[PDB]
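For reference, the structure discussed in these notes is given below.
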Amino acid sequence: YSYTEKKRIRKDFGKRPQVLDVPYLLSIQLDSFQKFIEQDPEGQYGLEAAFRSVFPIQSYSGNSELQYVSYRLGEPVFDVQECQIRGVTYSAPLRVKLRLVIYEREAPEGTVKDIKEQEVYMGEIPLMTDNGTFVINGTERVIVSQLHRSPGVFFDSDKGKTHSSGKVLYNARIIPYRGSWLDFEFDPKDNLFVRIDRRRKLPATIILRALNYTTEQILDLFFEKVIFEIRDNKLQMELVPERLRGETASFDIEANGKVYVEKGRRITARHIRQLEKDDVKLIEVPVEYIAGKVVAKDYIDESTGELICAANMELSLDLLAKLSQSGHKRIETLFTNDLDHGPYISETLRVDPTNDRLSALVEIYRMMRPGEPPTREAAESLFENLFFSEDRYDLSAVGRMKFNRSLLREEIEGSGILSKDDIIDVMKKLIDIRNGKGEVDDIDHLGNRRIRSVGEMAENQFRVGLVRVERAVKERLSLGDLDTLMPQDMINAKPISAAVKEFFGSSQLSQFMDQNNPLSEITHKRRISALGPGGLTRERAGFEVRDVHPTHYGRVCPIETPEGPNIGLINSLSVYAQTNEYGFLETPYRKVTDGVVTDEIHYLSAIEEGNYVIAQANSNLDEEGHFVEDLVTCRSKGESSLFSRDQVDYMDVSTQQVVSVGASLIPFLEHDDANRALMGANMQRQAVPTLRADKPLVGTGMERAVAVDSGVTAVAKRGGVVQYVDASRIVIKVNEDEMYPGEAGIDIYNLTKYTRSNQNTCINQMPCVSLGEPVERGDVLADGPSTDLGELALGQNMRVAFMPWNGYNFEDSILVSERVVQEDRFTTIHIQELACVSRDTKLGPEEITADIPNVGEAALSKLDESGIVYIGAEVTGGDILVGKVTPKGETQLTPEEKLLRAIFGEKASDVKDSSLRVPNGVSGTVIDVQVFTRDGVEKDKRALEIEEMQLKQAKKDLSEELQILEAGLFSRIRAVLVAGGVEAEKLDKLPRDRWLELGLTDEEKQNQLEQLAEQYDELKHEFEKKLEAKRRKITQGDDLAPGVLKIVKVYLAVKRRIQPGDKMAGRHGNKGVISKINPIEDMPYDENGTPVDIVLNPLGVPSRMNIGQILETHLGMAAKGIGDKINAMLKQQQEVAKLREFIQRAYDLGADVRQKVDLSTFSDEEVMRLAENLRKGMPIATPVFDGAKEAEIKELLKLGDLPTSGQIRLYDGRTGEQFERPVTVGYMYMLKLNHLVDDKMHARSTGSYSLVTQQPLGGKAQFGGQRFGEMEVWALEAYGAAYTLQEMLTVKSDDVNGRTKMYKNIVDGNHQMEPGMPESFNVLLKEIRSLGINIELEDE
Amino acid sequence: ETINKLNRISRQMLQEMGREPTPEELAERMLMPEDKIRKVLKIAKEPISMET
Ligand SMILES: O=C(Nc1cc(/C(=N\c2ccccc2)NO)cc(C(F)(F)F)c1)Nc1c(Cl)cccc1Cl
């Protein structure tokens, strides 16, 4: 047990013990980038690897070589926080040592000179935070891991649809990690073909010739040999007795003076056995049997020296005669069978246009780059640079691995390029599949699916950067002089920097972390995608890949995946899942040796898991863990059924691992249909943090792990006692055992305070500990947004009643009491960052000055002398946050305006008001202001005030650091001095500064005192340098965009509670929109007089089948019961005994659960705190599929004083009369998604307009009007409304005249329209007429 | 040509300064009044395709 577990404990139902506990949920993200940037003294993936690949770069034959030595990542220019505030990128300089050697022309190889240029700078690269996040511009971002087709070879079917002959086809595909694709495919005529990439189809053998294989050797490779002998006269044949299988006798088969088979008798196993035992090597055959046989090799006349027959040519009765008289004894032919061993390659040669190697290379080079005249060196260079070049091609490790494995090879690791043996073996495998031996693989299987991650992809982009820098290096090394340039002038920065910046900045996989929520972050960081680079698209891949595969078990969550344009093209990583060594997906299991189920953990990949029979997470075993049933439900290969007691190799580790962390937070999930469950776990990520982090009243037990593993909370680095607790910071004094000898020290935690979150919500941390409290190592020292006492509260539980209330709950609609909006529980805090830009126009510079044309004293009131709003001033819509004015000269007025100015004597200002004003309707309080200034332009008054303030605050902070740290350090010297030197009262008298002189008796403690001295002075100077650096960071002008002189950022904190139109939902996939806010007066209540918070609609329950939401209600009620009872017994102030008794009774609950319990806990000061935290309700943990049962809940209801049915009598708060029938009341945990109505709501009358085509367009955040589409138009057409439609697409929108001419009539009180012609069609006329097309408008 | 001259400085002074030269560095590095950088650096840029 831990220390916050003494604060609060969650009652846990369920039986199955957890053999393995949930690992770090952020594992994958951190591991990836940990591999990317790192020093690996070998070819393993990392910057080192990608470096070694392209390097060393040598010039063209000129013997000027540039080789790579070693690299380093400098310390970040700005730390996480500073870089987040300022808005720059959190990164490190990449400093790489390069050695430029120049070989003395005319080797033996030695260098005239080699300049080692010290660490030339190329690019800065982003860094991953401890939370697995990146900051691109001042914003936390995540790179989603990718799922693609693993490299190597793959054999498919493509039966059915092609050709409709049903004959199917068989194709192989070699997909490298990088480089051109290699494809082989058959056709209806059984002619083997080959294509590089998706390009033109070529006869297979044409590649073989390019490997320098003459026809004879191709045949020798793909066919066996049938030997014909002309011994004496009239032939003979060599016969392997197995050759006659699957064939019928073509003639009398007789040898050894004994007739084995006659004519017309198919050769069976009998004939074959007879031939085998009698051992007949040579038989006599007719001269006519070779009429169809194909001659293996070439044959010439020894005398005439002329070619008798070419290789792979059909023999005739005459050709035999023509090669027989020439003195030929032996004739080799192809062994061909239309069933067993097929004659494919022969016919393939029959379709081959080429002859020799050069010819093949010609057709290939003319295939890849067609239309341009081929050249020998060109074809050679191409073909050698396709699959055989170390540069332009590679499968890497996973590729070579899967390649060799699928080829039934031995070697698990090999070269990164293809070999003749490789291509040949692949072709052989394809031919074997067409022959009937071997099977075809499927893509959907997770063994063929590889998982990438941040580091790998970043490595790829950096690789592209390195190749484009390589081209430049060679380009310059072409003409270069000797000892002038060095590895600086060549290598640039921007090419690489933008190469990585383009990846992190804009990519489909690189996105902004969704931080509205601790679950959202952690479930985003664990995610998979089949989209992006190196993957399919929604418009391409069909239903197969999207669909769930049995291999998804334990690897990928079946029920968590977005519902929309891409379904199952994303999914999520499962709970206990891990990335395999080679990059596949493997899940934990339990090895079952003999008859015992062992607790040893074993990880099996998608392919590893295949043959083994795995048992069930839900299975009955006892004592030693032997299976209770004689047969138990299991799954072995692709399928599940009942299995013998001991046939079982393995078993599931947990009742969880099938699902993900999102689904694992859904209580009573087993009681919910998969559709609504999916919707539930989908919306659970949308929950906006509440004002008061509450707690789930009905839990799972994952919510602790989610809260802790996600970076939202603050966890103790080391255990000890709290020296200091503030809403700002928390200082813990470290225990000695955990403490390091030097520096002594205490752990100081600076808590994040109110600040902007990516979703504009609020992120703020509060201390969960009090002054002088014991804290265990790895314990929550504070809670983040939407977290309570180390658990995850995504929302707030509350009283719910199921019953129709006056149709206000009508569809999914939710009827909530006033008690909720009054208690401000569902209230939310939004932090909006608003910006003001001071730019440069040709008319002049823009000023932030407080002097604003046309504003009242009340308008300039909330602004200081400089024109920026004070910190803390509450503002609403229309208030001026930052005064800004831009020059616009010579207004060029008109006559009546001129008379007006002449009468009123008003000077029309040369300046126009651009001031940043709070967006319409939104209202909040200003929590901060920042001023970014171009370096070298004078800081204004306000900015200076702020700068000085920040300087002082910094000095105070640093001074606090040094004080707490120094006192903490000397407090150790006091303790060590007392051992061997002890003077209690004598020591603390003299000044502390002079303590360092005092020694000690000979011992290691003297050297300890020495340590404390060294580290003390270290801290003392470190303070100095840190102060200096902080000051410089404050004063320096941040680099801004072109034209912008200065920028003012105001941070508004808006507080919106709840109003009709907001979206709310449970964890069960039941949505709703708050309909009306009903007084506590009209609320249905019970006999006790306690009203209900929320009234749902029962009708929503049966149709969409989620019954869990009802169970969640019931248990919830019962849970609250245990609270209320305790709430009374605390209000009765009984004693420790009664309380403890009741609590224990609650935590036991009938029989057979795994929870255990107390009275190892201090019976007074500890227990009474737990009971104090339990009075709000009794938190319960319902495991995913291991969760509670009806009987357990009813029992808990008995303990609660509440009915079994979970239904009580309810009275209308209006009439006061009872409602007929009982109604279900309880506590259902409910969230608030951020759909909030004051966001969604939009209205526009007359706004701005698009330039290119005049159409309504919002430029002000004042929204463009709704889009009237084709379907809406049809809807108008169906009715008889012509004028509604005309006014819709003419005057209200597209007519540059009609709109204004309309407006004047609308204000004049005349409703008409003078439509004219829409500008769209008017432009179409010009576009058409711009061509050679004359379009005109006839008649009148 | 004036723009190109401003590129040359950027090259060396990029790695030389460890990040990049300040917007006013190449200014004194170049002959003319040197405040023209911001001006010259502006008009040089090619307009982004409106169809982007
Ligand atoms: O997926 C297949 N069968 C298949 C079998 C089952 C099954 N039992 C299982 C139960 C749990 C896990 C895995 C299998 N049945 O008793 C379930 C599915 C499921 F997708 F709906 F979850 C598919 N067959 C299959 C194979 Cl083996 C390869 C490629 C494509 C398919 Cl469609």
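Scheme for the structure tokens: letters A, B, ... for chains in order shown; per-chain residue numbers from 1; ligand numbers from 1 in order shown.
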Mind checking which residues fall within 12 Å of residue 39 in chain B, counting only C-alpha atoms, ignoring those fewer than 3 positions away in the same chain, and posting them as a PDB file with C-alpha atoms, in the first residue's frame?
ATOM      1  CA  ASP A 840       4.755  48.062 -41.144  1.00  0.00           C
ATOM      2  CA  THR A 841       2.731  49.542 -43.988  1.00  0.00           C
ATOM      3  CA  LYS A 842       4.137  51.782 -46.733  1.00  0.00           C
ATOM      4  CA  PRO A1042       9.086  40.402 -41.678  1.00  0.00           C
ATOM      5  CA  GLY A1043       7.279  43.718 -41.292  1.00  0.00           C
TER       6      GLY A1043
ATOM      7  CA  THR B   2      22.617  42.736 -54.223  1.00  0.00           C
ATOM      8  CA  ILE B   3      20.323  39.947 -53.022  1.00  0.00           C
ATOM      9  CA  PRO B  23      19.059  40.603 -39.237  1.00  0.00           C
ATOM     10  CA  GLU B  24      21.406  43.581 -38.841  1.00  0.00           C
ATOM     11  CA  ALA B  27      23.931  44.815 -42.890  1.00  0.00           C
ATOM     12  CA  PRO B  33      23.332  51.884 -45.918  1.00  0.00           C
ATOM     13  CA  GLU B  34      22.584  48.475 -44.309  1.00  0.00           C
ATOM     14  CA  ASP B  35      19.116  49.292 -43.012  1.00  0.00           C
ATOM     15  CA  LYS B  36      18.000  48.335 -46.511  1.00  0.00           C
ATOM     16  CA  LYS B  42      11.167  41.835 -48.472  1.00  0.00           C
ATOM     17  CA  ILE B  43      10.800  42.711 -52.170  1.00  0.00           C
ATOM     18  CA  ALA B  44      13.013  39.721 -53.024  1.00  0.00           C
ATOM     19  CA  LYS B  45      10.463  37.118 -51.883  1.00  0.00           C
TER      20      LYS B  45
END
When the cut-off is 7 Å and we count only C-alpha atoms, which residues of chain B are near chain A, given as number ranges by chain? B: 11-12, 15, 18
Any residue with an atom at most 8 Å from ligand 1 counts, using only C-alpha atoms and all ligand atoms. Which are they? Put them as a PDB file with N, CA and C atoms, in the first residue's frame.
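Once written, result_12.pdb looks like this:
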ATOM      1  N   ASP A 442      -1.796 -13.113 -46.284  1.00  0.00           N
ATOM      2  CA  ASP A 442      -2.768 -12.001 -46.296  1.00  0.00           C
ATOM      3  C   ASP A 442      -2.223 -10.691 -45.626  1.00  0.00           C
ATOM      4  N   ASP A 444      -3.835  -8.075 -44.059  1.00  0.00           N
ATOM      5  CA  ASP A 444      -4.516  -7.751 -42.806  1.00  0.00           C
ATOM      6  C   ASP A 444      -3.845  -8.335 -41.564  1.00  0.00           C
ATOM      7  N   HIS A 445      -3.175  -9.473 -41.729  1.00  0.00           N
ATOM      8  CA  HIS A 445      -2.479 -10.128 -40.626  1.00  0.00           C
ATOM      9  C   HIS A 445      -1.414  -9.202 -40.043  1.00  0.00           C
ATOM     10  N   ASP A 547     -11.217  -3.548 -41.275  1.00  0.00           N
ATOM     11  CA  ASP A 547     -11.910  -4.509 -40.438  1.00  0.00           C
ATOM     12  C   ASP A 547     -10.989  -5.142 -39.398  1.00  0.00           C
ATOM     13  N   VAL A 548     -11.591  -5.640 -38.323  1.00  0.00           N
ATOM     14  CA  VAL A 548     -10.853  -6.259 -37.230  1.00  0.00           C
ATOM     15  C   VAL A 548     -10.406  -7.672 -37.582  1.00  0.00           C
ATOM     16  N   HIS A 549      -9.154  -7.983 -37.273  1.00  0.00           N
ATOM     17  CA  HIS A 549      -8.588  -9.285 -37.576  1.00  0.00           C
ATOM     18  C   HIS A 549      -8.277  -9.960 -36.246  1.00  0.00           C
ATOM     19  N   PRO A 550      -8.360 -11.297 -36.197  1.00  0.00           N
ATOM     20  CA  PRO A 550      -8.056 -12.060 -34.981  1.00  0.00           C
ATOM     21  C   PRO A 550      -6.672 -11.758 -34.434  1.00  0.00           C
ATOM     22  N   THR A 551      -5.774 -11.296 -35.295  1.00  0.00           N
ATOM     23  CA  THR A 551      -4.438 -10.925 -34.860  1.00  0.00           C
ATOM     24  C   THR A 551      -4.456  -9.640 -34.038  1.00  0.00           C
ATOM     25  N   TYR A 553      -6.077  -9.209 -31.481  1.00  0.00           N
ATOM     26  CA  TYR A 553      -6.259  -9.594 -30.085  1.00  0.00           C
ATOM     27  C   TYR A 553      -5.008  -9.273 -29.278  1.00  0.00           C
ATOM     28  N   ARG A 635      -8.419 -20.465 -27.875  1.00  0.00           N
ATOM     29  CA  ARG A 635      -8.225 -20.144 -29.278  1.00  0.00           C
ATOM     30  C   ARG A 635      -6.812 -20.513 -29.707  1.00  0.00           C
ATOM     31  N   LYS A 637      -5.481 -21.438 -33.724  1.00  0.00           N
ATOM     32  CA  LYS A 637      -5.126 -20.821 -34.992  1.00  0.00           C
ATOM     33  C   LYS A 637      -6.346 -20.130 -35.577  1.00  0.00           C
ATOM     34  N   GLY A 638      -6.381 -18.807 -35.481  1.00  0.00           N
ATOM     35  CA  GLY A 638      -7.392 -18.017 -36.158  1.00  0.00           C
ATOM     36  C   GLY A 638      -8.807 -18.208 -35.637  1.00  0.00           C
ATOM     37  N   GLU A 639      -8.997 -19.194 -34.761  1.00  0.00           N
ATOM     38  CA  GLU A 639     -10.333 -19.648 -34.379  1.00  0.00           C
ATOM     39  C   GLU A 639     -10.408 -19.968 -32.889  1.00  0.00           C
ATOM     40  N   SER A 640     -11.625 -20.004 -32.352  1.00  0.00           N
ATOM     41  CA  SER A 640     -11.825 -20.330 -30.942  1.00  0.00           C
ATOM     42  C   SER A 640     -12.878 -21.418 -30.739  1.00  0.00           C
ATOM     43  N   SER A 641     -12.595 -22.341 -29.825  1.00  0.00           N
ATOM     44  CA  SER A 641     -13.523 -23.418 -29.494  1.00  0.00           C
ATOM     45  C   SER A 641     -13.133 -24.043 -28.162  1.00  0.00           C
TER      46      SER A 641
END
Could you please write out, as a ChimeraX atom specification, every residue of chain B that DSSP assigns to alpha helix (DSSP H)? /B:2-17,25-29,36-43
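Excluding range 1146-1152 of chain A itself and same-chain residues fewer than 5 positions from it, the residues having an atom within 8 Å of it are residues 11, 15, 1122, 1157, 1192, 1195, 1196 and 1199 of chain A, counting only C-alpha atoms.
In this model, the gap between CA of residue 616 in chain A and CA of residue 673 in chain A comes to 21.2 Å.
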Using only C-alpha atoms, which protein or nucleic acid residues come within 12 Å of residue 1267 in chain A? Drop anything in the same chain fewer than 6 positions from it, and give the result as a compact mmCIF listing (two decimals) with N, CA and C atoms, in the first residue's frame.
# COMPACT_ATOMS: atom_id res chain seq x y z
N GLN A 1255 -18.65 36.65 -52.56
CA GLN A 1255 -19.45 35.72 -51.78
C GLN A 1255 -19.19 36.01 -50.30
N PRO A 1256 -20.18 35.75 -49.44
CA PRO A 1256 -19.98 36.01 -48.01
C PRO A 1256 -18.82 35.21 -47.44
N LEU A 1257 -17.90 35.91 -46.79
CA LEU A 1257 -16.75 35.28 -46.17
C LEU A 1257 -16.41 36.00 -44.87
N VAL A 1273 -31.11 23.38 -52.29
CA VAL A 1273 -31.72 23.94 -53.49
C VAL A 1273 -32.84 23.05 -53.99
N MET A 1288 -32.02 33.56 -52.34
CA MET A 1288 -30.99 32.78 -51.67
C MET A 1288 -29.67 32.82 -52.44
N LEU A 1289 -29.72 32.52 -53.73
CA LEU A 1289 -28.50 32.45 -54.53
C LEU A 1289 -28.15 33.70 -55.35
N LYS A 1292 -28.99 37.60 -51.59
CA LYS A 1292 -28.36 37.35 -50.30
C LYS A 1292 -26.90 36.97 -50.42
N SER A 1293 -26.46 36.57 -51.61
CA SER A 1293 -25.09 36.09 -51.72
C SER A 1293 -24.25 36.65 -52.85
Nearby residues (only C-alpha atoms) at most 7 Å from residue 176 in chain A, same-chain spacing under 2 positions excluded, as a PyMOL selection string: chain A and resi 151-152+174+178-179+181+394-395+399
Set the distance at 12 Å and use only C-alpha atoms: which residues neighbour residue 50 in chain B once local chain neighbours fewer than 3 positions away are removed? I'd like the list as a CSV table (one decimal) with N, CA and C atoms, in the first residue's frame.
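selection.csv written:
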chain,number,residue,atom,x,y,z
A,1251,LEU,N,-12.9,38.3,-52.5
A,1251,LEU,CA,-12.5,39.2,-53.6
A,1251,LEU,C,-12.7,38.5,-55.0
A,1252,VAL,N,-12.1,37.3,-55.1
A,1252,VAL,CA,-12.1,36.6,-56.4
A,1252,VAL,C,-13.5,36.5,-57.0
B,46,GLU,N,9.3,35.8,-53.5
B,46,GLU,CA,8.3,35.5,-54.6
B,46,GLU,C,6.9,35.3,-54.0
B,47,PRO,N,5.9,35.8,-54.7
B,47,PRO,CA,4.5,35.7,-54.2
B,47,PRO,C,4.0,34.3,-54.1
